[PDB]
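Shown next: protein-v4.txt, containing compact mmCIF, C-alpha atoms.
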# COMPACT_ATOMS: atom_id res chain seq x y z
CA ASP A 1 87.76 131.50 114.47
CA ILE A 2 87.44 131.97 110.74
CA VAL A 3 86.55 128.73 108.90
CA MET A 4 86.39 128.19 105.12
CA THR A 5 84.00 126.17 102.96
CA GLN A 6 84.87 125.62 99.27
CA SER A 7 82.61 124.54 96.50
CA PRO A 8 82.68 122.21 94.72
CA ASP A 9 84.73 119.44 96.23
CA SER A 10 85.85 117.80 93.01
CA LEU A 11 85.56 119.16 89.46
CA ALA A 12 86.28 117.35 86.15
CA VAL A 13 86.31 119.69 83.15
CA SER A 14 87.32 119.56 79.50
CA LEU A 15 90.72 120.73 78.34
CA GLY A 16 90.61 124.49 77.59
CA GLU A 17 87.29 124.82 79.40
CA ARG A 18 86.72 127.43 82.05
CA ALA A 19 86.82 126.39 85.72
CA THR A 20 85.72 128.34 88.82
CA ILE A 21 86.07 127.50 92.57
CA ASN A 22 84.18 129.32 95.34
CA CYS A 23 85.45 130.07 98.83
CA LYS A 24 83.22 131.34 101.65
CA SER A 25 84.77 132.51 104.92
CA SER A 26 82.60 132.04 108.05
CA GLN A 27 83.60 135.59 108.84
CA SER A 28 84.92 138.54 106.93
CA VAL A 29 88.60 138.46 106.12
CA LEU A 30 88.64 142.11 104.98
CA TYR A 31 90.98 144.29 107.03
CA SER A 32 89.51 147.68 107.75
CA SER A 33 92.71 149.61 108.47
CA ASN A 34 94.00 147.99 105.29
CA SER A 35 91.17 147.31 102.82
CA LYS A 36 92.96 144.11 101.79
CA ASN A 37 91.22 140.70 102.04
CA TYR A 38 93.52 138.22 103.85
CA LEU A 39 92.73 135.49 101.35
CA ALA A 40 95.19 133.42 99.44
CA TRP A 41 94.81 130.60 96.97
CA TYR A 42 97.06 127.57 96.85
CA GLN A 43 97.65 125.04 94.16
CA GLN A 44 98.94 121.62 95.42
CA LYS A 45 100.18 118.87 93.20
CA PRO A 46 100.81 115.28 94.23
CA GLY A 47 103.75 114.81 96.44
CA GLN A 48 104.81 118.50 96.53
CA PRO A 49 104.14 121.46 98.76
CA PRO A 50 101.41 124.09 98.38
CA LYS A 51 102.39 126.96 96.15
CA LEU A 52 100.94 130.52 96.58
CA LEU A 53 99.00 131.56 93.47
CA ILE A 54 97.21 134.67 94.72
CA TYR A 55 97.34 136.77 97.90
CA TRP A 56 95.10 139.64 98.93
CA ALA A 57 92.29 137.90 97.03
CA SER A 58 93.30 139.09 93.58
CA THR A 59 97.03 139.77 93.31
CA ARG A 60 98.72 137.04 91.26
CA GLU A 61 102.16 135.80 92.33
CA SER A 62 105.13 136.38 90.05
CA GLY A 63 105.38 133.57 87.51
CA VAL A 64 101.71 132.51 87.76
CA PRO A 65 99.88 132.29 84.41
CA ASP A 66 97.56 134.98 83.22
CA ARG A 67 94.81 132.36 83.18
CA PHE A 68 94.47 132.38 86.99
CA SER A 69 92.51 135.38 88.44
CA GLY A 70 91.05 135.70 91.98
CA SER A 71 88.12 137.90 92.97
CA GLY A 72 85.87 138.60 95.92
CA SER A 73 85.53 140.81 98.96
CA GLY A 74 84.46 140.07 102.54
CA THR A 75 83.26 136.47 102.84
CA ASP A 76 82.90 135.52 99.25
CA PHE A 77 85.73 134.61 96.89
CA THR A 78 86.29 132.91 93.55
CA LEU A 79 89.21 131.39 91.71
CA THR A 80 88.80 131.26 87.91
CA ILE A 81 91.02 129.27 85.52
CA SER A 82 90.11 130.81 82.15
CA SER A 83 91.23 127.73 80.18
CA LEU A 84 92.15 124.56 82.13
CA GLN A 85 95.58 123.24 80.83
CA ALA A 86 97.22 119.91 81.57
CA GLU A 87 99.64 121.66 83.99
CA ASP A 88 96.68 123.03 86.00
CA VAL A 89 95.36 119.66 87.29
CA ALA A 90 95.92 119.79 91.08
CA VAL A 91 94.09 120.53 94.35
CA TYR A 92 93.31 124.22 95.05
CA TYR A 93 92.99 125.63 98.55
CA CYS A 94 91.63 128.92 99.77
CA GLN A 95 93.09 129.92 103.15
CA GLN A 96 92.37 133.01 105.30
CA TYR A 97 95.50 134.46 106.95
CA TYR A 98 93.45 136.85 109.02
CA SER A 99 93.64 135.10 112.42
CA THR A 100 94.72 131.76 114.02
CA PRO A 101 94.29 129.02 112.99
CA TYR A 102 94.98 130.35 109.47
CA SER A 103 92.59 127.74 108.13
CA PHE A 104 92.71 126.04 104.72
CA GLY A 105 89.34 125.31 102.96
CA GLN A 106 88.92 121.54 102.44
CA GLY A 107 90.26 121.84 98.92
CA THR A 108 88.85 121.25 95.45
CA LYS A 109 90.23 118.50 93.22
CA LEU A 110 90.44 119.60 89.55
CA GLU A 111 90.90 116.79 87.04
CA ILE A 112 90.50 116.50 83.28
CA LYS A 113 87.10 115.10 82.46
CA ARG A 114 87.87 112.02 80.46
CA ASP B 1 112.06 136.48 99.23
CA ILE B 2 112.28 134.18 102.21
CA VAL B 3 112.81 130.51 101.21
CA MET B 4 112.78 127.46 103.52
CA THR B 5 114.89 124.31 103.56
CA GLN B 6 113.85 121.41 105.82
CA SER B 7 115.90 118.50 106.96
CA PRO B 8 115.55 115.61 106.59
CA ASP B 9 113.32 114.89 103.65
CA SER B 10 111.94 111.57 104.83
CA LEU B 11 112.22 110.02 108.30
CA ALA B 12 111.22 106.49 109.42
CA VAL B 13 111.29 106.03 113.19
CA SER B 14 110.13 103.47 115.74
CA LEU B 15 106.81 103.79 117.51
CA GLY B 16 107.23 105.91 120.68
CA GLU B 17 110.63 107.12 119.50
CA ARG B 18 111.53 110.77 119.42
CA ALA B 19 111.47 112.62 116.09
CA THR B 20 112.86 116.08 115.20
CA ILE B 21 112.57 118.15 111.96
CA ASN B 22 114.72 121.21 111.20
CA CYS B 23 113.65 124.30 109.28
CA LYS B 24 116.08 126.98 108.08
CA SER B 25 114.77 130.23 106.63
CA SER B 26 117.01 131.90 104.00
CA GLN B 27 116.36 135.06 105.96
CA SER B 28 115.24 135.92 109.44
CA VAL B 29 111.53 135.63 110.09
CA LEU B 30 111.78 137.41 113.46
CA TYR B 31 109.72 140.59 113.62
CA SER B 32 111.51 143.37 115.43
CA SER B 33 108.52 145.52 116.39
CA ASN B 34 106.98 142.26 117.56
CA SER B 35 109.65 139.79 118.75
CA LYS B 36 107.54 136.97 117.30
CA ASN B 37 108.98 134.58 114.67
CA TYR B 38 106.53 134.31 111.72
CA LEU B 39 106.98 130.54 111.56
CA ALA B 40 104.28 127.97 111.55
CA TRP B 41 104.32 124.20 111.32
CA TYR B 42 101.79 122.18 109.37
CA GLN B 43 100.88 118.56 109.53
CA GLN B 44 99.34 117.14 106.28
CA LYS B 45 97.78 113.75 105.98
CA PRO B 46 96.86 111.99 102.75
CA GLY B 47 93.98 113.46 100.95
CA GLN B 48 93.26 116.24 103.51
CA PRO B 49 94.27 119.83 103.98
CA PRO B 50 97.21 121.18 105.99
CA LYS B 51 96.41 121.74 109.63
CA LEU B 52 98.19 124.43 111.77
CA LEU B 53 100.10 122.80 114.64
CA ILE B 54 102.21 125.72 115.87
CA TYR B 55 102.38 129.45 115.08
CA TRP B 56 104.91 132.00 116.28
CA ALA B 57 107.47 129.18 116.31
CA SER B 58 106.45 127.69 119.64
CA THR B 59 102.79 128.32 120.44
CA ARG B 60 100.78 125.11 120.05
CA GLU B 61 97.29 125.28 118.54
CA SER B 62 94.31 124.36 120.68
CA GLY B 63 93.71 120.62 120.52
CA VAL B 64 97.28 119.71 119.47
CA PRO B 65 98.96 117.05 121.64
CA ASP B 66 101.46 117.90 124.28
CA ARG B 67 103.97 115.78 122.37
CA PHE B 68 104.44 118.43 119.66
CA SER B 69 106.72 121.39 120.66
CA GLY B 70 108.33 123.97 118.31
CA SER B 71 111.48 125.97 119.04
CA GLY B 72 113.89 128.33 117.35
CA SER B 73 114.54 131.99 116.72
CA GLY B 74 115.67 133.88 113.62
CA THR B 75 116.55 131.43 110.83
CA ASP B 76 116.69 128.22 112.72
CA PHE B 77 113.71 126.17 113.86
CA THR B 78 112.88 122.67 115.06
CA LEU B 79 109.76 120.57 115.41
CA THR B 80 110.02 117.77 118.01
CA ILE B 81 107.54 114.89 118.40
CA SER B 82 108.46 113.53 121.84
CA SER B 83 107.00 110.08 121.13
CA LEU B 84 105.87 109.28 117.55
CA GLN B 85 102.29 107.74 117.67
CA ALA B 86 100.39 106.07 114.87
CA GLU B 87 98.22 109.21 114.46
CA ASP B 88 101.36 111.32 113.89
CA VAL B 89 102.43 109.73 110.56
CA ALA B 90 102.02 112.53 107.97
CA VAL B 91 104.03 115.18 106.10
CA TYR B 92 105.16 118.21 108.16
CA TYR B 93 105.74 121.64 106.64
CA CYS B 94 107.43 124.70 108.04
CA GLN B 95 106.19 127.91 106.38
CA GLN B 96 107.26 131.54 107.00
CA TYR B 97 104.34 133.99 106.95
CA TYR B 98 106.67 136.96 107.08
CA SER B 99 106.45 138.12 103.44
CA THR B 100 105.14 136.98 100.00
CA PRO B 101 105.28 134.28 98.79
CA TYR B 102 104.58 132.81 102.26
CA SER B 103 106.68 129.81 101.28
CA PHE B 104 106.28 126.23 102.52
CA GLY B 105 109.50 124.17 103.15
CA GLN B 106 109.56 121.10 100.86
CA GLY B 107 108.13 118.97 103.62
CA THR B 108 109.35 116.00 105.62
CA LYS B 109 107.65 112.61 105.33
CA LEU B 110 107.40 110.83 108.72
CA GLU B 111 106.60 107.12 108.56
CA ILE B 112 106.83 104.25 111.02
CA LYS B 113 110.06 102.38 110.49
CA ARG B 114 108.95 98.86 109.79

Translate this structure into structure tokens?
Amino acid sequence: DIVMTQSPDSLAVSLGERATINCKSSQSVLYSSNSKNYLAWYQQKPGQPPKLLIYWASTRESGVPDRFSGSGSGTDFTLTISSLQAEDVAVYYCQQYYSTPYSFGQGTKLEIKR
Amino acid sequence: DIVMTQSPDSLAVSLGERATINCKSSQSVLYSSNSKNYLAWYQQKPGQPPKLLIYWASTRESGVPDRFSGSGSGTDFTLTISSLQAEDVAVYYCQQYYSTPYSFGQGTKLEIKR
């Protein structure tokens, strides 16, 4: 079964600073008939549900700021926030939707370094 | 886009009592070539990631207690906990994985009625 490991666990950064989050799948999530990577990134704020940010590794969802870009192929993926804004403080999850269980990574906490 | 509405929002029940959670998709999530319902149920505890419980509406994941069963077809689904145990207190999400965004329901909080 495909399992995900994110790095780092927690990340405190300055306002407007650049933030990156890695996601490693234990196995490739690239579909060969397809050439799409079955990798999605979720943003989760306190007391609300997980919201899709990006699917297919790099396609941004409608209404998601320009400042969020995904990238990667195979087993290695990255989420970049080009400028961390106060509305960006949340927990981010990578999840493979390649095969059951469609596992979430353990999440990365992003807070404003005070 | 397929959107999900769960009922109820919050539910406090006695220990060992039966609990049920409804999930209504705005559109059918039943695949016609397939006859599977692209409906999954997630259990989320505080400060951890969402864990798959059931996929295809009724198939339980390996290692998930007998006390969790899913049911439904089309637009109407239910999660039943046959006897609520102390390790069952969490937030439950239905999510359609039929088309983008693969939306989560707003979640249902299940606590022990004290």

Using 8 Å as the limit and counting only C-alpha atoms, can you tabulate each residue of range 4-107 of chain A that touches range 88-112 of chain B, with its shortest atom-to-atom distance in Å and the two atoms involved, as a tab-separated table?
residue	atom	partner	partner_atom	distance
A:48	CA	B:106	CA	6.9
A:49	CA	B:106	CA	5.8
A:50	CA	B:104	CA	6.7
A:51	CA	B:103	CA	7.3
A:52	CA	B:101	CA	6.2
A:61	CA	B:101	CA	7.3

Quiz prompt | All residues 8 Å or closer to range 15-23 of chain A, all atoms listed in the file, same chain fewer than 6 positions away omitted, as a PyMOL selection string | solution = chain A and resi 4-8+75-86+94+105+108+112-113

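Checking A:30, A:2, A:57, A:40 one by one against chain B, counting only C-alpha atoms, you find the shortest gap at A:40.
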
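Going from CA of residue 9 in chain B over to CA of residue 46 in chain B, you cover 16.7 Å.
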
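Nearest residue to residue 39 in chain A, choosing from A:14, A:26, A:73, A:62 and counting all atoms listed in the file: A:73.
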
Quiz prompt | Residue with smallest distance to residue 28 in chain A - pool A:1, A:11, A:43, A:67, counting all atoms listed in the file | solution = A:1

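A straight line drawn from CA of residue 55 in chain B to CA of residue 41 in chain B is 6.7 Å long.
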
Quiz item: residue 29 in chain A: which residues within 6 Å, counting all atoms listed in the file, same-chain residues fewer than 4 positions away excluded, as an NGL selection string?
Solution: :A and (37-38 or 74 or 98)

Atoms kept (N, CA, C and O atoms) for range 48-83 of chain A, as an mmCIF file, in the first residue's frame:
data_model
loop_
_atom_site.group_PDB
_atom_site.id
_atom_site.type_symbol
_atom_site.label_atom_id
_atom_site.label_comp_id
_atom_site.auth_asym_id
_atom_site.auth_seq_id
_atom_site.Cartn_x
_atom_site.Cartn_y
_atom_site.Cartn_z
ATOM 1 N N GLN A 48 -12.537 22.855 10.783
ATOM 2 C CA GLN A 48 -13.160 22.781 9.458
ATOM 3 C C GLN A 48 -12.568 21.583 8.734
ATOM 4 O O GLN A 48 -11.578 20.999 9.167
ATOM 5 N N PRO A 49 -13.206 21.269 7.631
ATOM 6 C CA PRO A 49 -12.815 20.141 6.793
ATOM 7 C C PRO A 49 -11.619 20.498 5.942
ATOM 8 O O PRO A 49 -11.295 21.688 5.786
ATOM 9 N N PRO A 50 -10.987 19.480 5.379
ATOM 10 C CA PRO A 50 -9.867 19.571 4.448
ATOM 11 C C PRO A 50 -10.479 20.003 3.095
ATOM 12 O O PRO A 50 -11.522 19.559 2.628
ATOM 13 N N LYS A 51 -9.733 20.980 2.581
ATOM 14 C CA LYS A 51 -10.036 21.631 1.304
ATOM 15 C C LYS A 51 -8.969 21.257 0.259
ATOM 16 O O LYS A 51 -7.769 21.419 0.551
ATOM 17 N N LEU A 52 -9.371 20.811 -0.928
ATOM 18 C CA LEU A 52 -8.449 20.475 -2.032
ATOM 19 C C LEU A 52 -7.813 21.824 -2.491
ATOM 20 O O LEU A 52 -8.557 22.813 -2.634
ATOM 21 N N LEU A 53 -6.501 21.756 -2.671
ATOM 22 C CA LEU A 53 -5.726 22.912 -3.128
ATOM 23 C C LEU A 53 -5.274 22.605 -4.586
ATOM 24 O O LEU A 53 -5.556 23.406 -5.460
ATOM 25 N N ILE A 54 -4.649 21.465 -4.694
ATOM 26 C CA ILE A 54 -4.044 20.935 -5.912
ATOM 27 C C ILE A 54 -4.296 19.453 -6.137
ATOM 28 O O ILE A 54 -4.250 18.649 -5.186
ATOM 29 N N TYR A 55 -4.567 19.093 -7.401
ATOM 30 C CA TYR A 55 -4.775 17.658 -7.718
ATOM 31 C C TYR A 55 -3.845 17.433 -8.907
ATOM 32 O O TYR A 55 -3.472 18.491 -9.457
ATOM 33 N N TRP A 56 -3.518 16.212 -9.160
ATOM 34 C CA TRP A 56 -2.626 15.820 -10.233
ATOM 35 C C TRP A 56 -1.257 16.458 -10.025
ATOM 36 O O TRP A 56 -0.591 16.751 -11.047
ATOM 37 N N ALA A 57 -0.864 16.656 -8.807
ATOM 38 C CA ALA A 57 0.403 17.194 -8.377
ATOM 39 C C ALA A 57 0.616 18.686 -8.544
ATOM 40 O O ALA A 57 1.212 19.365 -7.654
ATOM 41 N N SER A 58 0.168 19.181 -9.680
ATOM 42 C CA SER A 58 0.372 20.627 -9.972
ATOM 43 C C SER A 58 -0.821 21.443 -10.379
ATOM 44 O O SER A 58 -0.680 22.689 -10.389
ATOM 45 N N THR A 59 -1.978 20.880 -10.670
ATOM 46 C CA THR A 59 -3.116 21.685 -11.067
ATOM 47 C C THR A 59 -3.810 22.308 -9.856
ATOM 48 O O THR A 59 -4.376 21.525 -9.058
ATOM 49 N N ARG A 60 -3.809 23.629 -9.850
ATOM 50 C CA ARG A 60 -4.474 24.361 -8.727
ATOM 51 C C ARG A 60 -5.978 24.337 -8.844
ATOM 52 O O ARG A 60 -6.537 24.362 -9.967
ATOM 53 N N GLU A 61 -6.695 24.263 -7.751
ATOM 54 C CA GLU A 61 -8.153 24.279 -7.765
ATOM 55 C C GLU A 61 -8.591 25.746 -7.951
ATOM 56 O O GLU A 61 -7.922 26.722 -7.541
ATOM 57 N N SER A 62 -9.757 25.839 -8.559
ATOM 58 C CA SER A 62 -10.417 27.113 -8.858
ATOM 59 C C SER A 62 -10.644 27.917 -7.576
ATOM 60 O O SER A 62 -11.405 27.462 -6.681
ATOM 61 N N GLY A 63 -10.045 29.103 -7.508
ATOM 62 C CA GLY A 63 -10.270 29.932 -6.330
ATOM 63 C C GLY A 63 -9.141 29.827 -5.348
ATOM 64 O O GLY A 63 -9.274 30.417 -4.273
ATOM 65 N N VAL A 64 -8.066 29.144 -5.721
ATOM 66 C CA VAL A 64 -6.873 28.950 -4.863
ATOM 67 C C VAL A 64 -5.843 29.990 -5.342
ATOM 68 O O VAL A 64 -5.634 30.099 -6.582
ATOM 69 N N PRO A 65 -5.270 30.739 -4.439
ATOM 70 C CA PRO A 65 -4.306 31.783 -4.757
ATOM 71 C C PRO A 65 -3.125 31.271 -5.525
ATOM 72 O O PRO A 65 -2.657 30.139 -5.385
ATOM 73 N N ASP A 66 -2.666 32.143 -6.376
ATOM 74 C CA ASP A 66 -1.557 32.092 -7.276
ATOM 75 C C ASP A 66 -0.254 31.684 -6.555
ATOM 76 O O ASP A 66 0.638 31.202 -7.238
ATOM 77 N N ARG A 67 -0.241 31.974 -5.276
ATOM 78 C CA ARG A 67 0.903 31.771 -4.395
ATOM 79 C C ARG A 67 1.166 30.318 -3.960
ATOM 80 O O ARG A 67 2.238 30.073 -3.355
ATOM 81 N N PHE A 68 0.214 29.443 -4.292
ATOM 82 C CA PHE A 68 0.296 28.012 -4.034
ATOM 83 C C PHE A 68 0.675 27.252 -5.299
ATOM 84 O O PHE A 68 -0.151 27.252 -6.226
ATOM 85 N N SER A 69 1.824 26.578 -5.429
ATOM 86 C CA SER A 69 2.084 25.818 -6.666
ATOM 87 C C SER A 69 2.527 24.453 -6.191
ATOM 88 O O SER A 69 3.124 24.487 -5.105
ATOM 89 N N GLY A 70 2.251 23.396 -6.924
ATOM 90 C CA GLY A 70 2.657 22.020 -6.511
ATOM 91 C C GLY A 70 3.684 21.596 -7.591
ATOM 92 O O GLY A 70 3.719 22.201 -8.690
ATOM 93 N N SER A 71 4.447 20.596 -7.263
ATOM 94 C CA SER A 71 5.425 20.127 -8.298
ATOM 95 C C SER A 71 5.944 18.789 -7.834
ATOM 96 O O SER A 71 5.780 18.427 -6.654
ATOM 97 N N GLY A 72 6.452 18.029 -8.781
ATOM 98 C CA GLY A 72 6.934 16.675 -8.484
ATOM 99 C C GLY A 72 6.430 15.711 -9.570
ATOM 100 O O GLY A 72 5.589 16.020 -10.367
ATOM 101 N N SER A 73 6.968 14.530 -9.504
ATOM 102 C CA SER A 73 6.709 13.412 -10.366
ATOM 103 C C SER A 73 7.174 12.160 -9.584
ATOM 104 O O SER A 73 8.153 12.256 -8.831
ATOM 105 N N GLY A 74 6.477 11.077 -9.821
ATOM 106 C CA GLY A 74 6.808 9.792 -9.199
ATOM 107 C C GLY A 74 6.562 9.635 -7.715
ATOM 108 O O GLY A 74 5.449 9.211 -7.292
ATOM 109 N N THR A 75 7.585 9.837 -6.916
ATOM 110 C CA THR A 75 7.591 9.625 -5.478
ATOM 111 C C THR A 75 7.952 10.837 -4.638
ATOM 112 O O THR A 75 7.892 10.801 -3.406
ATOM 113 N N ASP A 76 8.292 11.859 -5.406
ATOM 114 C CA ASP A 76 8.742 13.112 -4.826
ATOM 115 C C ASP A 76 8.032 14.383 -5.227
ATOM 116 O O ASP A 76 8.163 14.888 -6.313
ATOM 117 N N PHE A 77 7.330 14.964 -4.249
ATOM 118 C CA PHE A 77 6.512 16.155 -4.436
ATOM 119 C C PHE A 77 6.710 17.277 -3.457
ATOM 120 O O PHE A 77 7.009 17.152 -2.261
ATOM 121 N N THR A 78 6.461 18.516 -3.942
ATOM 122 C CA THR A 78 6.648 19.703 -3.106
ATOM 123 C C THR A 78 5.529 20.699 -3.222
ATOM 124 O O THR A 78 5.088 20.946 -4.319
ATOM 125 N N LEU A 79 5.161 21.296 -2.104
ATOM 126 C CA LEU A 79 4.144 22.332 -2.074
ATOM 127 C C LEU A 79 4.942 23.597 -1.751
ATOM 128 O O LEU A 79 5.600 23.547 -0.699
ATOM 129 N N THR A 80 4.811 24.647 -2.563
ATOM 130 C CA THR A 80 5.465 25.922 -2.238
ATOM 131 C C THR A 80 4.456 27.041 -1.965
ATOM 132 O O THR A 80 3.541 27.227 -2.819
ATOM 133 N N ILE A 81 4.577 27.789 -0.938
ATOM 134 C CA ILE A 81 3.732 28.971 -0.718
ATOM 135 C C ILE A 81 4.799 30.078 -0.984
ATOM 136 O O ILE A 81 5.832 30.086 -0.314
ATOM 137 N N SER A 82 4.569 30.853 -2.012
ATOM 138 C CA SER A 82 5.562 31.842 -2.444
ATOM 139 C C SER A 82 5.730 32.987 -1.495
ATOM 140 O O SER A 82 6.826 33.612 -1.483
ATOM 141 N N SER A 83 4.747 33.273 -0.697
ATOM 142 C CA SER A 83 4.711 34.349 0.304
ATOM 143 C C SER A 83 3.687 33.933 1.342
ATOM 144 O O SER A 83 2.477 33.993 0.942
#
